[PDB]
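Trainee: Below you'll find model_1.txt; it's compact mmCIF, N, CA, C and O atoms and all ligand atoms.
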# COMPACT_ATOMS: atom_id res chain seq x y z
N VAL A 1128 -3.89 13.54 23.72
CA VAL A 1128 -5.23 13.47 24.29
C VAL A 1128 -5.73 12.03 24.53
O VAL A 1128 -6.55 11.81 25.43
N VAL A 1129 -5.26 11.05 23.77
CA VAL A 1129 -5.78 9.68 23.85
C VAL A 1129 -5.16 8.92 25.02
O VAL A 1129 -3.94 8.71 25.06
N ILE A 1130 -6.00 8.51 25.97
CA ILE A 1130 -5.59 7.68 27.10
C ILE A 1130 -5.21 6.29 26.59
O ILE A 1130 -6.06 5.53 26.12
N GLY A 1131 -3.93 5.93 26.72
CA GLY A 1131 -3.44 4.62 26.35
C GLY A 1131 -2.84 4.47 24.96
O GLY A 1131 -2.55 3.34 24.55
N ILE A 1132 -2.64 5.57 24.23
CA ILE A 1132 -1.98 5.53 22.93
C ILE A 1132 -0.56 4.95 23.05
O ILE A 1132 0.13 5.15 24.05
N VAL A 1133 -0.14 4.21 22.01
CA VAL A 1133 1.15 3.52 21.97
C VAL A 1133 1.94 4.00 20.76
O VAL A 1133 1.37 4.37 19.73
N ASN A 1134 3.27 3.97 20.88
CA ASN A 1134 4.16 4.34 19.78
C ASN A 1134 4.40 3.15 18.85
O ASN A 1134 4.79 2.07 19.30
N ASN A 1135 4.17 3.36 17.55
CA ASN A 1135 4.60 2.41 16.52
C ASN A 1135 4.81 3.18 15.23
O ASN A 1135 4.24 4.26 15.05
N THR A 1136 5.63 2.64 14.33
CA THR A 1136 5.66 3.16 12.97
C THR A 1136 4.35 2.87 12.24
O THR A 1136 3.73 1.82 12.44
N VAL A 1137 3.93 3.81 11.39
CA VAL A 1137 2.83 3.60 10.46
C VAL A 1137 3.40 3.64 9.04
O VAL A 1137 3.98 4.65 8.63
N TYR A 1138 3.25 2.54 8.31
CA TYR A 1138 3.83 2.41 6.98
C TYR A 1138 3.05 3.25 5.97
O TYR A 1138 1.86 3.02 5.75
N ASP A 1139 3.73 4.22 5.35
CA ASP A 1139 3.19 4.93 4.20
C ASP A 1139 3.58 4.20 2.92
O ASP A 1139 4.77 4.19 2.57
N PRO A 1140 2.64 3.57 2.20
CA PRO A 1140 3.01 2.87 0.96
C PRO A 1140 3.44 3.80 -0.17
O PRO A 1140 4.04 3.31 -1.14
N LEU A 1141 3.17 5.10 -0.10
CA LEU A 1141 3.66 6.01 -1.12
C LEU A 1141 5.17 6.22 -1.02
O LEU A 1141 5.86 6.26 -2.04
N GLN A 1142 5.69 6.35 0.20
CA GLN A 1142 7.09 6.71 0.40
C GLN A 1142 8.07 5.83 -0.36
O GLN A 1142 8.94 6.38 -1.05
N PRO A 1143 8.02 4.50 -0.29
CA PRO A 1143 8.96 3.69 -1.09
C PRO A 1143 8.75 3.78 -2.59
O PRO A 1143 9.71 3.60 -3.34
N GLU A 1144 7.52 4.02 -3.06
CA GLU A 1144 7.30 4.17 -4.49
C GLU A 1144 7.82 5.51 -5.02
O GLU A 1144 8.22 5.60 -6.19
N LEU A 1145 7.82 6.56 -4.19
CA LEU A 1145 8.61 7.74 -4.52
C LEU A 1145 10.11 7.48 -4.42
O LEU A 1145 10.88 7.91 -5.28
N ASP A 1146 10.54 6.76 -3.38
CA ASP A 1146 11.96 6.46 -3.19
C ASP A 1146 12.54 5.65 -4.35
O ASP A 1146 13.72 5.80 -4.68
N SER A 1147 11.73 4.80 -4.97
CA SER A 1147 12.09 4.10 -6.20
C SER A 1147 11.68 4.88 -7.45
O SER A 1147 11.73 4.32 -8.56
N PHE A 1148 11.27 6.13 -7.29
CA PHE A 1148 11.02 7.06 -8.40
C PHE A 1148 11.45 8.47 -7.99
O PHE A 1148 12.53 8.93 -8.35
N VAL B 1128 -6.01 -19.95 -3.73
CA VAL B 1128 -6.99 -20.45 -2.77
C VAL B 1128 -8.45 -20.19 -3.14
O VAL B 1128 -9.33 -20.92 -2.66
N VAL B 1129 -8.74 -19.18 -3.96
CA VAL B 1129 -10.11 -18.75 -4.25
C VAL B 1129 -10.68 -19.55 -5.42
O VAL B 1129 -10.17 -19.49 -6.54
N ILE B 1130 -11.76 -20.30 -5.15
CA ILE B 1130 -12.47 -21.04 -6.19
C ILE B 1130 -13.16 -20.05 -7.13
O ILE B 1130 -14.04 -19.29 -6.72
N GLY B 1131 -12.79 -20.09 -8.41
CA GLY B 1131 -13.40 -19.27 -9.45
C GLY B 1131 -12.79 -17.90 -9.67
O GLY B 1131 -13.38 -17.08 -10.38
N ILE B 1132 -11.61 -17.63 -9.10
CA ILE B 1132 -10.88 -16.40 -9.39
C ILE B 1132 -10.55 -16.28 -10.88
O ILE B 1132 -10.29 -17.28 -11.56
N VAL B 1133 -10.57 -15.05 -11.40
CA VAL B 1133 -10.34 -14.76 -12.82
C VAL B 1133 -9.18 -13.79 -12.95
O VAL B 1133 -8.93 -12.96 -12.08
N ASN B 1134 -8.46 -13.90 -14.07
CA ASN B 1134 -7.34 -13.01 -14.37
C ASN B 1134 -7.84 -11.71 -15.01
O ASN B 1134 -8.59 -11.74 -15.99
N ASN B 1135 -7.43 -10.57 -14.44
CA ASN B 1135 -7.64 -9.27 -15.08
C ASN B 1135 -6.56 -8.32 -14.57
O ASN B 1135 -6.01 -8.52 -13.49
N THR B 1136 -6.27 -7.28 -15.34
CA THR B 1136 -5.45 -6.19 -14.82
C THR B 1136 -6.20 -5.40 -13.75
O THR B 1136 -7.42 -5.23 -13.82
N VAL B 1137 -5.46 -4.92 -12.76
CA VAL B 1137 -5.98 -4.00 -11.75
C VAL B 1137 -5.22 -2.68 -11.88
O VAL B 1137 -4.00 -2.64 -11.68
N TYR B 1138 -5.93 -1.62 -12.22
CA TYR B 1138 -5.32 -0.32 -12.47
C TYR B 1138 -4.85 0.32 -11.17
O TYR B 1138 -5.66 0.65 -10.31
N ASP B 1139 -3.54 0.50 -11.03
CA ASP B 1139 -3.00 1.34 -9.96
C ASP B 1139 -2.96 2.80 -10.41
O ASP B 1139 -2.33 3.10 -11.42
N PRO B 1140 -3.63 3.72 -9.70
CA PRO B 1140 -3.66 5.12 -10.15
C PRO B 1140 -2.42 5.92 -9.82
O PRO B 1140 -2.23 7.00 -10.41
N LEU B 1141 -1.57 5.46 -8.91
CA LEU B 1141 -0.36 6.21 -8.57
C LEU B 1141 0.75 5.99 -9.59
O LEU B 1141 1.50 6.92 -9.90
N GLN B 1142 0.88 4.77 -10.10
CA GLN B 1142 1.87 4.46 -11.14
C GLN B 1142 1.88 5.47 -12.29
O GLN B 1142 2.97 5.98 -12.61
N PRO B 1143 0.76 5.79 -12.94
CA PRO B 1143 0.81 6.80 -14.01
C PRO B 1143 1.04 8.22 -13.51
O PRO B 1143 1.57 9.04 -14.27
N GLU B 1144 0.65 8.55 -12.28
CA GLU B 1144 0.98 9.87 -11.74
C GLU B 1144 2.48 10.03 -11.51
O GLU B 1144 3.01 11.13 -11.66
N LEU B 1145 3.17 8.95 -11.15
CA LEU B 1145 4.63 8.96 -11.22
C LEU B 1145 5.11 9.08 -12.66
O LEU B 1145 5.88 9.98 -13.01
N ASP B 1146 4.65 8.17 -13.53
CA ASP B 1146 5.17 8.07 -14.89
C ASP B 1146 4.96 9.34 -15.71
O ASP B 1146 5.72 9.60 -16.65
N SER B 1147 3.96 10.14 -15.37
CA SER B 1147 3.68 11.41 -16.03
C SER B 1147 4.38 12.61 -15.40
O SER B 1147 4.26 13.72 -15.93
N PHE B 1148 5.08 12.44 -14.28
CA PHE B 1148 5.79 13.55 -13.65
C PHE B 1148 7.01 13.97 -14.47
O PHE B 1148 7.63 13.15 -15.16
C1 LIG A 1201 6.23 7.57 22.92
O1 LIG A 1201 7.05 8.52 22.18
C2 LIG A 1201 7.21 9.81 22.78
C3 LIG A 1201 8.09 10.62 21.84
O2 LIG A 1201 9.37 10.01 21.69
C4 LIG A 1201 7.79 9.68 24.18
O3 LIG A 1201 7.83 10.97 24.79
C5 LIG A 1201 9.08 11.34 25.42
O4 LIG A 1201 9.21 10.81 26.75
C6 LIG A 1201 10.40 11.21 27.46
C7 LIG A 1201 10.37 10.53 28.81
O5 LIG A 1201 10.39 9.12 28.69
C8 LIG A 1201 10.46 12.73 27.55
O6 LIG A 1201 11.67 13.13 28.19
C9 LIG A 1201 10.38 13.34 26.16
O7 LIG A 1201 10.37 14.76 26.26
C10 LIG A 1201 9.11 12.86 25.46
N1 LIG A 1201 9.02 13.41 24.12
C11 LIG A 1201 8.11 14.31 23.75
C12 LIG A 1201 8.14 14.74 22.31
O8 LIG A 1201 7.30 14.78 24.55
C13 LIG A 1201 6.93 8.75 25.01
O9 LIG A 1201 7.50 8.57 26.30
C14 LIG A 1201 6.80 7.39 24.33
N2 LIG A 1201 5.97 6.50 25.13
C15 LIG A 1201 6.43 5.39 25.70
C16 LIG A 1201 5.45 4.61 26.52
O10 LIG A 1201 7.60 5.02 25.57
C1 LIG A 1202 -4.45 -17.04 -15.06
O1 LIG A 1202 -3.04 -16.70 -15.15
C2 LIG A 1202 -2.11 -17.72 -14.75
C3 LIG A 1202 -0.72 -17.16 -14.96
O2 LIG A 1202 -0.52 -15.98 -14.20
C4 LIG A 1202 -2.35 -19.01 -15.54
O3 LIG A 1202 -1.51 -20.03 -15.01
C5 LIG A 1202 -0.72 -20.76 -15.97
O4 LIG A 1202 -1.45 -21.81 -16.60
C6 LIG A 1202 -0.70 -22.61 -17.53
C7 LIG A 1202 -1.67 -23.61 -18.13
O5 LIG A 1202 -2.74 -22.95 -18.81
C8 LIG A 1202 0.46 -23.27 -16.80
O6 LIG A 1202 1.24 -24.02 -17.72
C9 LIG A 1202 1.32 -22.22 -16.12
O7 LIG A 1202 2.34 -22.86 -15.36
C10 LIG A 1202 0.47 -21.34 -15.21
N1 LIG A 1202 1.28 -20.27 -14.63
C11 LIG A 1202 1.53 -20.16 -13.33
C12 LIG A 1202 2.37 -18.98 -12.91
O8 LIG A 1202 1.11 -20.98 -12.51
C13 LIG A 1202 -3.81 -19.43 -15.43
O9 LIG A 1202 -4.04 -20.58 -16.24
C14 LIG A 1202 -4.73 -18.29 -15.89
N2 LIG A 1202 -6.12 -18.70 -15.79
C15 LIG A 1202 -6.93 -18.81 -16.85
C16 LIG A 1202 -8.33 -19.27 -16.56
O10 LIG A 1202 -6.55 -18.56 -17.98
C1 LIG A 1203 -3.87 0.72 32.10
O1 LIG A 1203 -3.47 0.87 33.49
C2 LIG A 1203 -2.18 1.45 33.71
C3 LIG A 1203 -1.90 1.37 35.19
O2 LIG A 1203 -2.21 0.07 35.69
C4 LIG A 1203 -2.18 2.86 33.16
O3 LIG A 1203 -0.92 3.47 33.41
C5 LIG A 1203 -2.45 2.81 31.66
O4 LIG A 1203 -2.53 4.14 31.15
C6 LIG A 1203 -3.76 2.08 31.35
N1 LIG A 1203 -3.87 1.84 29.92
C7 LIG A 1203 -4.95 2.15 29.19
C8 LIG A 1203 -4.90 1.78 27.74
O5 LIG A 1203 -5.93 2.71 29.68
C1 LIG A 1204 -17.92 -22.83 -11.74
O1 LIG A 1204 -17.81 -24.13 -12.34
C2 LIG A 1204 -16.65 -24.31 -13.17
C3 LIG A 1204 -16.77 -25.67 -13.80
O2 LIG A 1204 -18.03 -25.83 -14.43
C4 LIG A 1204 -15.39 -24.13 -12.33
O3 LIG A 1204 -14.25 -24.25 -13.18
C5 LIG A 1204 -15.39 -22.78 -11.64
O4 LIG A 1204 -14.29 -22.71 -10.74
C6 LIG A 1204 -16.68 -22.55 -10.86
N1 LIG A 1204 -16.73 -21.19 -10.34
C7 LIG A 1204 -17.08 -20.89 -9.09
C8 LIG A 1204 -17.10 -19.43 -8.73
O5 LIG A 1204 -17.36 -21.76 -8.27
Is it possible to express this structure as structure tokens?
Ligand SMILES: *[C@@H]1O[C@H](CO)[C@@H](O[C@@H]2O[C@H](CO)[C@@H](O)[C@H](O)[C@H]2NC(C)=O)[C@H](O)[C@H]1NC(C)=O
Ligand SMILES: *[C@@H]1O[C@H](CO)[C@@H](O[C@@H]2O[C@H](CO)[C@@H](O)[C@H](O)[C@H]2NC(C)=O)[C@H](O)[C@H]1NC(C)=O
Ligand SMILES: *[C@@H]1O[C@H](CO)[C@@H](O)[C@H](O)[C@H]1NC(C)=O
Ligand SMILES: *[C@@H]1O[C@H](CO)[C@@H](O)[C@H](O)[C@H]1NC(C)=O

Mentor:
Amino acid sequence: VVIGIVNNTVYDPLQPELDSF
Amino acid sequence: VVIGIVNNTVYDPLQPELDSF
């Protein structure tokens, strides 16, 4: 729906702390 | 860089939710 939206990664800070746990 | 900064612990709430799993 958003006119002009762009693709980028969004960093989830939880994911690596689960990955290291 | 901060004039007058003080040392204290900062509680991360996710760390114990991992540690208690
Ligand atoms: C942003 O990402 C989406 C998803 O990868 C891209 O959408 C695809 O575009 C191609 C054509 O270039 C289509 O054949 C695919 O079917 C599309 N995927 C989906 C899920 O619809 C989109 O093109 C990307 N935007 C830019 C500017 O690169
Ligand atoms: C806040 O903590 C830092 C350490 O994290 C203290 O810095 C040390 O200070 C001593 C002298 O008191 C130096 O010999 C060390 O080299 C310092 N450590 C580092 C890593 O630079 C700092 O003094 C503390 N602040 C207060 C007001 O106690
Ligand atoms: C800016 O203009 C281009 C065409 O010149 C258009 O394809 C694009 O969607 C527009 N971007 C935004 C953010 O409106
Ligand atoms: C207040 O003054 C003391 C010295 O009297 C100094 O060490 C400290 O950095 C100062 N704190 C601030 C917030 O300016």

Trainee: In Å, with one decimal, what is the gap from atom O4 of ligand LIG 1203 (chain A) to atom C of residue A:1136?

Mentor: 20.2 Å

Trainee: Given identical sequences, what C-alpha RMSD separates chain A from chain B after least-squares superposition over all Cα in order?

Mentor: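 That comparison of chain B with chain A gives 0.4 Å.
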
Trainee: Using only C-alpha atoms and all ligand atoms, find each residue with an atom at most 9 Å away from ligand LIG 1201 (chain A) and format the answer as a list in words.

Mentor: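 So, counting only C-alpha atoms and all ligand atoms, the residues near ligand LIG 1201 (chain A) are residues 1131, 1132, 1133, 1134 and 1135 of chain A.
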
Trainee: Based on only C-alpha atoms, which of the residues in chain A come within 9 Å of chain B? I want them as a PyMOL selection string.

Mentor: chain A and resi 1141+1144-1145+1148

Trainee: Looking only at alpha helix (DSSP H) from DSSP on the backbone, list the matching residues of chain B as JSON, numbers by chain.

Mentor: {"B": [1141, 1142, 1143, 1144, 1145, 1146]}

Trainee: Quick one: axis-aligned box around all listed atoms of ligand LIG 1202 (chain A), 8 Å on every side, centre and edge lengths in Å to one decimal, written as lines of an AutoDock Vina configuration file.

Mentor:
center_x = -3.0
center_y = -20.0
center_z = -15.7
size_x = 26.7
size_y = 24.0
size_z = 22.3
